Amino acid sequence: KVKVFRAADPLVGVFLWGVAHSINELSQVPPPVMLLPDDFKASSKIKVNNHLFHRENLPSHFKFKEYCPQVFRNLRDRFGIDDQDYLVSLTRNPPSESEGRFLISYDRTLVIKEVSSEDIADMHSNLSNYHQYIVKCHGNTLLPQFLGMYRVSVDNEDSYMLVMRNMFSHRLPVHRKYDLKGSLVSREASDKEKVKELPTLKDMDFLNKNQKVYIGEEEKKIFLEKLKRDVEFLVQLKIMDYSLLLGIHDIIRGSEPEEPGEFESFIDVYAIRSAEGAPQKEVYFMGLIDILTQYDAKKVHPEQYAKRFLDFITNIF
């Protein structure tokens, strides 16, 4: 009559199965030092078909596809992520579902976003362009760090999943959250949004709260240098409607009790500390997103957008 209920979601369970399988398969294939053109058009497909052989945590009919496995393994290596840590981060403990289809890893190092067939097509277009860029900058970017790309099939229903390094902290929680475009038009969080514990604020909210960012000229000249060449790369690709995602962690408010002889096992690669002498001690998490890569459940000329965007972001400091 009504829909079926499960203790474990099928899609997620197949996904974590597939990642295990794919990293296991990859450990038996020496990583090339040089990627070839064909690697950007490569895929791994597996179809499981069990008759009358019933499992709890896993359906009986399902498919898993990994896109460009040698490319993403190479990206992981350039971003300083060993396949074993990736696998552990994603499978050891189950991932926490956040808001439609958007997952954080138990350790909070990785984010997993469901995306469209359309978005997979876009990913493939610029993947070789992106890999070239990552080589040039030695993985030092404010762009998303794409670590894997997969299609899960349950019920004859294809879900596309994208794995990214978390722009936010492996533990330091985020108190204030902005999406900034520097748009000619006004941008503001709805009444329905400011109603949430962590609402996605915007350009007018930032200005209306006279919000600034205090980091210190040296960490600023390091940030704006990187931001410029990242945005220049996006111009070459004729990409436009992107934002700076800005997370503020307030030091004094601190973390929940579940943060004696324990050191952080991960680095927050988009994090930058309050410089000495500043209204409040804080950590800033700043990276580049668009509608495709926004930390949310998926629902004018490039050079102008660029010049404009860099104008607005240079003024938040």
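Residue positions are given as counts along the sequence shown, with the first one as 1.
Unresolved deposited residues lying between neighbours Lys299 and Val300: Gap between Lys299 and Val300: 10 or more unmodelled residues.
Absent coordinates between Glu259 and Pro260 - deposited residues affected, binned into four classes: The entry has a short gap there, with 1 to 3 residues left out between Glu259 and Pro260.
214 to 222 set against 128 to 136, stretch whose average Cα temperature factor tops the other in the entry: Taking the mean B-factor of the alpha carbons in each, 214 to 222 is higher.
Stretch with the greater mean C-alpha B-factor as recorded in the entry, comparing 235 to 243 against 71 to 79: Averaged over C-alpha atoms, the B-factors run higher in 235 to 243.
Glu157, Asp107, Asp122, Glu114, ranked by C-alpha B-factor: the highest one: Comparing C-alpha B-factors across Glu157, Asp107, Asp122, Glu114, the maximum falls on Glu157.
Highest-ranked of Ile289, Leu26, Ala278, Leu35 once sorted by CA temperature factor in the record: That would be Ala278, according to the entry.
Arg171 CA temperature factor, ranked by third within the chain: Its C-alpha B-factor, which the entry lists for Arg171, ranks in the highest third among residues of this chain.
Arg308 CA temperature factor, ranked by third within the chain: For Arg308, whose C-alpha B-factor we compare with every modelled residue in the chain, the answer is the middle third.
Third of chain Cα B-factors occupied by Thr293: Middle third, going by the recorded CA B-factors of the chain.
For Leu52, the third of its chain into which the C-alpha B factor falls: CA B-factor rank for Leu52: lowest third.
Relative C-alpha B-factor of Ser89, binned into the chain's lowest, middle or highest third: Ranked within chain, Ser89 CA B lands in the lowest tercile.
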